[PDB]
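First up is the structure itself, then whatever we jot down about it.
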Amino acid sequence: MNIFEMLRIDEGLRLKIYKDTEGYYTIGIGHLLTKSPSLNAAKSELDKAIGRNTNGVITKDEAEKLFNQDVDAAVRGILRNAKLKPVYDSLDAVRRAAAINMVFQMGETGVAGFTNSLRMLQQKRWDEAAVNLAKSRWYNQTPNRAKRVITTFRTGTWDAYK
Ligand SMILES: [Cl-]
Ligand SMILES: [Cl-]
């Protein structure tokens with residue numbers, strides 16, 4: 001298991017524009033297009049992202065290309081963030097994947113607001129971080145996904161994904 005397989009499980013794959021769990025136009029493996037209610041706005045963002053006239057549909061290779069870019073961007077957003085980087089550097093390889101998963105889902109700014117959780121993660125107080133991570137809109141809106149990510153931070157194993 002690795003970050004790509006983990007996110008592929010959590011995000012799924014859909015080849016036509018769809019609305020994510022928040023109601024936002026998305027495509028592929030959780031690639032958010034726009035927060036705008038306008039499907040034409042989404043289609044225009046999609047053509048822009050892919051470099052051709054898609055009319056709302058992309059191929060599997062194209063979905064995986066955006067996915068690679070988004071995983072890369074999530075990692076790079078962690079490393080450029082003064083609040084995220086030192087926590088990430090302190091973690092083992094499996095828990096680092098949980099950190100990337102969170103940034104991928106909610107963005108650099110969102111995660112960086114888990115101030116108390118981040119501190120507990122840096123101190124390796126795993127059970128306490130897990131409890132604090134769960135007291136969040138994140139956990140209440142997407143409990144099954146959030147539990148899997150939290151279990152990964154708690155245990156440092158891939159058990160929630162096997
Ligand atoms: Cl893009
Ligand atoms: Cl969920």
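Hydrogens, waters and symmetry mates are skipped; everything else that's a heavy atom, side chains included, is used. Index from 1, following the sequence.
Considering CG of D61 and CG of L66, their distance stands at 11.5 Å, rounded to 0.5 Å. Going from atom CZ of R154 over to atom CG of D159 covers 9.0 Å, rounded to the nearest 0.5 Å. Annotation: the span from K83 atom NZ to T115 atom OG1 amounts to 7.0 Å, rounded to 0.5 Å. Here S117 contributes atom OG and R125 contributes atom CZ; the two are 14.0 Å apart, rounded to the nearest 0.5 Å. The structure places CD1 of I29 at 6.0 Å from CZ of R8, a figure rounded to the nearest 0.5 Å. The CG atom of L15 lies 6.0 Å from the CD1 atom of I58; values are rounded to the nearest 0.5 Å.
The hydrophobic cluster containing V149 also contains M1, counting ILVMFWY residues as joined when their side-chain heavy atoms lie under 4.5 angstrom apart, directly or transitively. At a threshold of 4.5 Å between side-chain heavy atoms, the hydrophobic network of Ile, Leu, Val, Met, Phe, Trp and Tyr places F4 and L7 in one connected group. Residues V94 and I100 are members of one and the same hydrophobic cluster, defined by side-chain heavy-atom contacts under 4.5 angstrom among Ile, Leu, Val, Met, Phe, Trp and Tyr. Side-chain heavy atoms closer than 4.5 Å link hydrophobic residues (I, L, V, M, F, W, Y) into clusters, and following such links, even through other members, never connects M120 to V111. Under a hydrophobic-cluster definition in which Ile, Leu, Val, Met, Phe, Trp and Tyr are linked whenever side-chain heavy atoms come within less than 4.5 Å, directly or via other members, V75 and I3 are assigned to the same cluster.
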**Q.** side chain to side chain donor-acceptor pair (under 3.5 Å) assessment of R119 paired with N116
**A.** CA-CA 5 Å; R119 198 180 79 253; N116 300 321; 3.3 Å; yes
Q.
The test is side chain to side chain contact (heavy atoms under 4.5 Å, CB included); show your working for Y24 and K19 and say whether it passes.
A. CA-CA 5 Å; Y24 302 131; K19 291 179 174 178; over 6 Å; no
Q: Go through the steps to decide whether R145 and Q105 satisfy the test side chain to side chain contact (heavy atoms under 4.5 Å, CB included), and finish with yes or no.
A: CA-CA 10 Å; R145 200 239 186 90; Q105 182 186 2; 3.3 Å; yes
Q | Residues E5, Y161; criterion side chain to side chain contact (heavy atoms under 4.5 Å, CB included); working and verdict | A | CA-CA 9 Å; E5 297 177 27; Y161 289 89; over 6 Å; no
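Nearest heavy atom pair, residue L133 against residue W138, reads O-CE3, 3.7 Å. Across all their heavy atoms, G156 and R95 have their closest contact at N-NH2, 3.3 Å. Here the closest non-hydrogen pair linking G56 and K16 is O-CE, 2.8 Å. Nearest approach of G28 to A63, heavy atoms of both residues: CA-CB, 3.8 Å. Nearest heavy-atom pair across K85 and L79 is CD-O, 3.2 Å. Annotation for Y88 and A99: closest pair CD1-CB, 4.1 Å, computed over non-hydrogen atoms.
A search for salt bridge (charged side-chain N to carboxylate O under 4.0 Å, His left out) contacts involving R52 returns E62, not counting sequence neighbours. The ring-ring contact (aromatic ring centres under 6.0 Å, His included) test applied to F153 returns no partner, not counting sequence neighbours. Checked against side chain to side chain donor-acceptor pair (under 3.5 Å), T155 has the following partners two or more places apart in sequence or in another chain: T157. In this structure, the ring-ring contact (aromatic ring centres under 6.0 Å, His included) partners of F104, at least two apart in sequence or on a different chain, are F67. With sequence neighbours left out, the salt bridge (charged side-chain N to carboxylate O under 4.0 Å, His left out) criterion links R148 to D10.
Side-chain contact check for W126 versus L121: some heavy-atom pair is nearer than 4.5 Å. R80 places a side-chain heavy atom less than 4.5 Å from the side chain of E108. The shortest distance between side-chain heavy atoms of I9 and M6 does not fall below 4.5 Å.
A donor-acceptor pair is defined here as one N or O able to donate and one able to accept, closer than 3.5 Å; such a pair exists between the side chain of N68 and the backbone of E64. With hydrogens and angles ignored, the 3.5 Å screen pairs no side-chain donor or acceptor of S44 with any backbone N or O of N40.
Here salt bridge (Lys or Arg N to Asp or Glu O under 4.0 Å) pairs that include residues 30-47, with residues two or more places apart or in two chains, are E45-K48.
More than 12 heavy-atom neighbours from other residues, nucleotides or ligands sit within 6.0 angstrom of CG on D89.
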